Amino acid sequence: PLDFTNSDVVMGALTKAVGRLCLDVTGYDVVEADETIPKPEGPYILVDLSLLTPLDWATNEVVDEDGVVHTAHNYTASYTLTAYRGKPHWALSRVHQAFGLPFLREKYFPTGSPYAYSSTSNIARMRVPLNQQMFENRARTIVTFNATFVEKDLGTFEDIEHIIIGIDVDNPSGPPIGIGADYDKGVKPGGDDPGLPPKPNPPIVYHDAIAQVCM
Amino acid sequence: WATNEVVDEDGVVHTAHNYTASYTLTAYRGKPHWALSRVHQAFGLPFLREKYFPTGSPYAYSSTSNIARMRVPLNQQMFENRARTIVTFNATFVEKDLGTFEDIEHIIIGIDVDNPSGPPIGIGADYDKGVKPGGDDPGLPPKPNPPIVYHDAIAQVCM
Amino acid sequence: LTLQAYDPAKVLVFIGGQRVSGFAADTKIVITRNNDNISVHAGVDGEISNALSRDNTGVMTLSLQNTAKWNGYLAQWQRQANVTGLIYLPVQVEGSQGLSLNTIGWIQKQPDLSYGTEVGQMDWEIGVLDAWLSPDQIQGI
Amino acid sequence: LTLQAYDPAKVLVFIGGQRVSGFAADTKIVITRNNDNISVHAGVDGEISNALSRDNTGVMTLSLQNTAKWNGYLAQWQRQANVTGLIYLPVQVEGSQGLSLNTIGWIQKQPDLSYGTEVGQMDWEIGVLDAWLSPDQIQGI
Amino acid sequence: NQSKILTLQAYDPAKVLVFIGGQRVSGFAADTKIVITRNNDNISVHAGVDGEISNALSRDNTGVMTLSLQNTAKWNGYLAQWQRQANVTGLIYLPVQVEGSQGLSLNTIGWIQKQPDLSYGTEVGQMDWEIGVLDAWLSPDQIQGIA
Amino acid sequence: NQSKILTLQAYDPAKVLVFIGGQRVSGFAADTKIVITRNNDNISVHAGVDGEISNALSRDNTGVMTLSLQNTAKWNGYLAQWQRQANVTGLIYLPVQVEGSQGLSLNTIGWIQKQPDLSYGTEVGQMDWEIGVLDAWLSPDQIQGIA
Amino acid sequence: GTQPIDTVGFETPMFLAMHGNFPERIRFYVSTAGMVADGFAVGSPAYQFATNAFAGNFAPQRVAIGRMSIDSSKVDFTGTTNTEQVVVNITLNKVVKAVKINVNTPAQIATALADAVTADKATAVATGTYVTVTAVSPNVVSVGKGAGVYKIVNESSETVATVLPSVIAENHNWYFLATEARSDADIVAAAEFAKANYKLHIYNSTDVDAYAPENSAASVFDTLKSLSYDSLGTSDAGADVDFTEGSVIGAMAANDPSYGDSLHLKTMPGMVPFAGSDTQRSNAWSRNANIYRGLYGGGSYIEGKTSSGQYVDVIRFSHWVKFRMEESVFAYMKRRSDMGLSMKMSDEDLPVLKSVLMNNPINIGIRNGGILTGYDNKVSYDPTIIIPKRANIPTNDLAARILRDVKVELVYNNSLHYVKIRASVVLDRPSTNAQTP
Amino acid sequence: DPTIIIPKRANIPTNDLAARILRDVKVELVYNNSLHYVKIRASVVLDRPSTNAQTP
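Residues numbered from 1 in each chain as written, not as in the entry; some residues may be left out. Chains lettered and ligands numbered in written order. Part of a larger assembly, values for the part shown. Heavy atoms only, no water. Residues with missing side-chain atoms left out of burial classes, pairs and counts.

The deposited coordinates derive from cryo-EM, with the record listing a resolution of 3.14 Å.

The name given to chain E in the PDB entry is Tail tube protein, with the source organism recorded as Pectobacterium phage phiTE. What the PDB entry is called, per its title line, is "Bacteriophage PhiTE extended connector complex".

Chain C appears in the PDB entry as Tail tube protein from Pectobacterium phage phiTE.

So this is what it looks like as structure tokens:
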């Protein structure tokens, strides 16, 4: 019943978050590298998940109700953006500045989300010949994001229901004394003994004297 | 990280970021290396800059790279003189947000004072945009300024 | 249940009531204490006794680009206090996921200003009158 | 409304009435103070009391190419003062966007002169009799 | 070794209470709060030519107590008024008490013996008031298990 | 902790005013401006053989005040003239006053007790004038809330 | 629609007198001389109350006086005994007079008082035990106490439960509440109004049912006990002629609750020591009718308990916290809006309330000692502030532009009242385990 | 503190440029006047007469 959002969900939703912010700021059209289609008409941007870096040691462990363990790891995903016509260098820059606008981020990067923005690389403008007739304007940049991935274990170990301890007290008056100790899940050491009587709270009464001394 | 935030009258936010743009210059004939050098020195001449880089402009000059002179064969007959350099400029870019959040018109605060004489005392506090805490009470009377009068004695003592 | 990812943009600093903006790249802030928690006195034969530290001041560095508008405010506040004698202002920090802080403090020393071919940096030293970090924002503590 | 871009060429230095020229690449100047703003006395039980600093001298470094014509002027001014006893001259700094400064000061120590295969550098140490930065030129403060 | 921990609760200097005249002192200096000393040693030894030894018990037990306060403290005012009060009216004595958080206590009467040296400079100064205490036997009462 | 701030306004040493003869002193040294001391402790204790204790009130309250001035200061001239003035004419006394910005004040009469040691070297020297003050009871008047 | 008071109002006490000396419903004074100028007769009720309020150790800076339409006064000698020159002070339209009756029986004295018919405008009507004084349309009359043994009583056509909504609308910058009317209905109406407007109600009564045995009684103290209000009541012998609510207020108006100080032993000049016996004291303590016992040659209040059993200082501290937080938040929110930098409803701005609230209202209490701090058990007493996030705010609250569920928590550091000792005297003194427990 | 304000070349009118004249240089100061009169309220008594003792 203690569910979560595994890696597959976070990773897939990060692409769409980048896709919507690029569309909503620059006004260009967007496309991914996952499947190929004939080149669209007009300026557009291409999104690719070029690289992914892990961080070695897990930062948190969440124990299910039944004992299963969910482990959380920090990551960093890098996206390669490319803008293909119009003023591509201008288009990419407005994407960069978008991460500094508070209201715009809150739509797609709400507080508590499993991914965040980290930094950006240099924006390089390029000219590429086409059919040996024309030079096409382009650009390229790499945007680095933070993330956190959670995964669920494949089982649990047994609980400790009963513990048995052997004790040996070496002494000089005779041979060592062997004696054992034991623990059980529901057996209190004292049973349910009420214990010593408590110190009572005196009842609230009226006093004539601010400070009275009586022998 | 943005260096300044300017808030519109209605609350929209404009953010300013520093940049650096690099321009590649290439001169193709004549004495290209001489031509590029005079461009470099131009940024040191005060009057000439003021025409195109006036104080307060959103871009400025930063530095320059090495000027390399090159010879390129053409049609396998002649060597053409050329040169190349990279000029780095400063800049500042401003962009405008896509909306604003709502204002805080009313605030409600709950308070609980735990004490030993009885159960905790619950009490609330409130704020409203135009409601002054004291209404418009004049307050205590001020200490008056005495009027300006003539004095015979430089320093007078009266019991 | 979705665990947070460290969001550098939600690290907030409030000085005097307003929010600071215009940081330089990399480290936005650094928080460091001045003294050790406990002082241990060790005897000849090995007896050990401890003393509790009653001086809990710290220091917080603040990296700002030299074109930031917040340089002017700190410069004005610094000079004002040197004349009037009122030096304290509230200081509060938040963490996207990390340890917060909420005390009062003062501007300790004037940073070093240098001018060159590119926008530089100034590192202010803000003294904080208590340096206990808090687990408020940790998701699950 | 167009916000300024940091213009390194509009950082001005006026010493004695004239304008300095002939700087070396990178950092044209550096301004640094000498003492901490406030001295904090901490009691055994934790009582805290503060003292205001009444020594506000600073130091300003000035990087000049060793072929600069302004080396001769500083060398002459330095030797003149050592004889007559008049050591002070006005000092003023401006920022394209940054913190200015306007006080009096004197030449503190003679830099180190070295000769090699390329035009070198000399770093003068100009003492400034007050080191309070000003927000005059900040666009909006 | 952990089997010889001399204090199972850290020694907190703020637990040391000092009451003069019935009001709690506050505003102490940086390093040392108080110092208590005697003037005379406990017994006198009179040794004869041939080694005969005999001892005597002292009857002067007065001591001196130093109290370090920052010169900006408010308690400097109360002591300064008290000096003039006693100089004219002739009432000098005043109860004194000390709480030995994890040490030795003290409870007696005392008077201001001398006034410190007031100095003004670039740092907040300090004052060392001398509160002569009539009787200076330290009390172990705060310690448990004293059989 | 911020609940024990002993001074809500920073202690500015320039607020400490000193007036001698009705003119404000100026031109002080590097570290310490003034130091005020007494010569005699407040009371005398006469303890008997069997422990009987009796106390006496002092009647000599004179103190000494040191005044650090840079040897290039102009006020060195005024004090130097004053010495010869009194040596011949026999008028020594002169009003003295001190303002305790956030401490104890002083207001009495005094005279120049000794002249300092004048030394010349590679650095601007210093002078320690001794202004014996006739009566040296510190005043808490600058402090508010003294009931 | 309770509007908030400010710091000055938190100290101003209001007394609801009967008179017609000014047309307004309320006025503020800084000394009895102003009231004298306004035509209040020396020894009049409001004059006595103002004198007592200014006569305290913690006296307030200014006193507010309300107006309730006066109809006719009374000079009552009924049940009195007199063997001294009776004197009455009367002020008529800025004209000040004095009246003298020599020596005899109360009825004879009352009849002889009819001689107050000269130099008058106003009229006097004897009735054998009291004289009813009634003015005429243009005339204004103020009747004040003198050297005689008598009590002045006023009557009006209005009622408190209808006058008060007018005074509060006229002005709301006052905290304490007091009245001249002493009927049970008027007292209960005042208590019910005060508890609804967050104001402290004070009153003094002379009813002997306060002393009456605890087995049963039907006094105003008991009615308020049953209704479970917070009005602070006290039983005094001279209340009906001296209006000692002023003296009670004068001992608590100026000290701020940040010290957690209580009202247990504070001396109140003007009060008369309680006279009953110890059984009567025990009886009164049951009804929460505080008394002013005279001990060791001095006078001392007793325990300052309210009607519902709660202490006064806790209530006052809670109210002080409320008002201070209101004022601080308003000030900060107004400064933020003076610039074009109004506080928005986003996660980048909400947290600052933590420091804003920590500064003004709470830190002063922690400094002065009214708020307990430290560690307990497994709990700590440090005050805590909790603020919601933008994701948790309901959409309706977003639309209305309102922030809810900001919560605060504190602990109060009460004072000491009683001490008990177990001294023992012996002719001499008497297991040795010596093992660490 | 005295203040000095100077215009920039962009703000100078073209007519002023042609005439070679600089306008609107502004300065501000405060004067520190002296004392003239003093008044005192001495009082002579045969003897001398609330204790709040709480920080305001």
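Observations concerning the overall build of chain C
A count of helices and strands for chain C gives 1 helix and 10 strands. Once the C-alpha set of chain C is aligned to its principal axes, its extents read approximately 65 × 50 × 30 Å. Look at the contacts in chain C between residues 6 or more apart in sequence, and 64% of them connect residues 24 or more apart. (Helix = DSSP H or I, 4+ residues; strand = E, 2+ residues; numbered from the N terminus. Contact = heavy atoms within 4.5 Å.)

Here we look at a nonpolar patch on the surface
All names here are of chain A. Together, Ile-160, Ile-163, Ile-165, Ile-167, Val-169, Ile-177, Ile-179 and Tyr-183 give the surface a local cluster of nonpolar side chains, amounting to about 720 Å² of exposed area. When residues of the nonpolar patch are traced back to their parent elements, those giving at least two are β8 (162-169) and β9 (177-184). Per-element tally for the nonpolar patch: the top contributor is β8, with 4 residues. Within the secondary structure, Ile-160 sits in the loop between β7 (134-152) and β8. Among the residues examined, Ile-160 registers a relative accessible area of 61% and is labelled exposed. (Patch = residues over 30% accessible without salt bridge, like charges linked within 9 Å, V, L, I, M, F, W, Y side chains within 5 Å. Areas by Shrake-Rupley, 256 points an atom, 1.4 Å probe, with all protein chains shown as cover. Salt bridge = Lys/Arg side-chain N within 4 Å of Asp/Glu carboxyl O. Buried < 20%, exposed > 50% of the residue type's maximum accessible area, 1.4 Å probe, protein only.)

So, the packing of aromatic side chains
Going through the model one piece at a time under the given rule, you end up with 41 aromatic pairs over all chains. Relative to B:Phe89, the ring of B:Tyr61 lies with its centre 6.1 Å away and its plane at 75°, an arrangement referred to as edge-to-face. Of this pair, B:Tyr61 sits in strand β3 (residues 59-64) while B:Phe89 sits in strand β5 (residues 78-96); the two residues are 28 residues apart in sequence, bridging distant segments of the chain. Residue B:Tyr61 shares its accessibility class with B:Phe89, and that shared class is buried. Consider the rings of G:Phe10 and G:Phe323, whose centres lie 5.7 Å apart with planes at 65°: the pair is edge-to-face. Residues G:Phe10 and G:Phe323 agree in their burial class; the two are buried. Here the aromatic residues A:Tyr79, A:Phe99, A:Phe109, A:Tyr115, A:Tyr117 and A:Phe145 are joined through ring pairs into a cluster of three or more. Residue placement shows B:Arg71 over the ring face of B:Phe79; its charged tip is 4.5 Å from the ring centre. For the cation-ring pair, G:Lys199 lies above G:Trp174, with the distance from its terminal atom to the ring centre recorded as 3.8 Å. (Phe/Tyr/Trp six-rings, centres within 6.5 Å; stacked < 30°, edge-to-face > 60°. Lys NZ or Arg CZ within 6 Å of the ring centre and 35° of its normal.)

Quick notes on the interface of chain B and chain C
Counting from both sides, the interface comprises 8 residues of chain B and, opposite them, 14 residues of chain C. When the buried area of chain B at its contact with chain C is split by residue, B:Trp1, B:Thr3 and B:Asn4 rank highest and sum to 57% of it. The interface formed by chain B and chain C contains 0 salt bridges. Run the count over chain B and chain C and you get 3 residue pairs in polar contact. Tallied by class, residues from the side of chain B that touches chain C come to 2 nonpolar, 5 polar and 1 charged. (Buried area = accessible area lost by both parts, 1.4 Å probe. Polar contact = N/O pair within 3.5 Å; in protein donor to acceptor, adjacent residues only side chain to side chain. Nonpolar A, V, L, I, M, F, W, Y, C, P; charged D, E, K, R; others polar.)

Regarding helix α1 (residues 7-26) of chain A
Residues and elements named next belong to chain A. Counted at 1.5 Å a residue, the expected span for α1 with its 20 residues is 28 Å, and the 29 Å between its end C-alpha atoms agrees. For α1, the complete set of buried residues consists of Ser-7, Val-10, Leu-14, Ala-17, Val-18, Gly-19, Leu-21, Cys-22, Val-25 and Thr-26. Within two residues after α1, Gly-27 carries a phi angle of roughly 80°, on the positive side. (Expected span 1.5 Å × (residues − 1).)

A closer look at the environment of A:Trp57
Residue and element names in this part refer to chain A. Mapped onto the secondary structure, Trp-57 falls in the loop between β2 (44-54) and β3 (60-63). With 24 residues separating them along the chain, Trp-57 and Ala-33 place their C-alpha atoms 31 Å apart. A distance of 3.4 Å separates the side chain of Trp-57 from the side chain of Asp-56, its partner in a polar contact.

Describing the interface of chain B and chain G
On the chain G side, the residues contacting the 36 residues of chain B number 48 residues. Taken together, the two surfaces of chain B and chain G that pack against each other cover about 3800 Å², and 66% of this comes from carbon and sulfur. Considering only the surface of chain B that becomes buried against chain G, B:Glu102, B:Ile104 and B:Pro133 emerge as the three largest contributors, covering 16% of it. For the interface between chain B and chain G, the tally reads 4 salt bridges. Two residues, G:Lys344 and B:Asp103, come together in a salt bridge whose shortest N-O distance is 3.6 Å. Viewed at the interface, chain G and chain B are joined by 16 residue pairs in polar contact. Counting only elements with at least two residues in the side of chain B that touches chain G, the list comes to β6 (106-114) and β7 (121-128) of chain B. Here the element with the most residues in the side of chain B that touches chain G is β6(B); it accounts for 9 residues. Split into classes, the residues belonging to the side of chain B that touches chain G amount to 16 nonpolar, 10 polar and 10 charged.

A closer look at the arrangement of the chains
The structure contains 16 pairs of chains in contact, of which chains B and G account for the largest number of contacts. With respect to C-alpha atoms, chain B approaches chain E no nearer than 25 Å, and the pair has no contact.

Notes on the sheet that holds strand β10 (residues 127-133) of chain E
Residues and elements named next belong to chain E. Reading across the sheet, the 7 strands line up as β2-β1-β7-β8-β10-β6-β3 and stay open at both edges, with antiparallel pairing between neighbours. Unpaired on one side and paired on the other, β2 (23-24) and β3 (34-38) mark the two borders of the sheet. Its contacts with the sheet place helix α1 (residues 75-89) against β1 (18-20), β2, β6 (63-69), β7 (94-98), β8 (106-114) and β10, and it is angled at close to 50° to β10. (Pairing = 2+ DSSP bridges. Axes fitted to C-alpha atoms, helices over the stretch in contact; angles between N-to-C directions.)

A look at the packing of α1(A) against helix α2 (residues 88-98) of chain A
All names here are of chain A. Here α1 crosses α2 at 115°, and the two axes come no closer than 9 Å. Here α1 is positioned roughly perpendicular relative to α2, judged by the angle of their axes. In this structure, the crossing between α1 and α2 has a hand that is right-handed. From α1, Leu-21, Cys-22, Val-25 and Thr-26 reach across to α2, where they touch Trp-90, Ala-91, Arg-94, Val-95 and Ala-98. Of the residues assigned to the contact of α1 with α2, the class counts are 7 nonpolar, 1 polar and 1 charged. (Parallel < 35°, antiparallel > 145°, perpendicular 65-115°, else oblique. Left-handed = near helix turned anticlockwise from the far one by under 90°.)

Brief notes about the side chain of G:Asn52
Mapped onto the elements of the fold, G:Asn52 is located in helix α2 (residues 45-54). Other than its neighbours up to four places away in sequence, G:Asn52 contacts G:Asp242, G:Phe243, G:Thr244, G:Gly246 and G:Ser247.

Overview of the pairing of β5(B)
All names here are of chain B. Bridge count between strand β2 (residues 13-27) and β5: 14 bridges; the pairing is antiparallel. Following the sheet pairing, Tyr-23 is matched in β5 by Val-87. In the sheet, β3 pairs with β5 via 5 bridges, with the strands oriented antiparallel. Across the sheet, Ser-63 pairs through a bridge with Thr-88, a residue of β5. As paired strands, strand β4 (residues 68-74) and β5 are joined by 7 bridges and run antiparallel to one another. Bridging from a neighbouring strand, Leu-74 pairs with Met-78 of β5.

Some details on unusual backbone geometry
Even without being a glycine, G:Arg401 presents a positive backbone phi close to 60°. The residue G:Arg401 is located in the loop between α12 (395-400) and β17 (402-411) in this model. A residue is classified by how much of its surface remains accessible, and G:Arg401, at 34% relative accessible area, is partly exposed. Phi is positive for H:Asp24, which is not a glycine, with a value near 60°. You can see H:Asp24 is positioned in the loop between α1 (14-19) and β2 (26-28).

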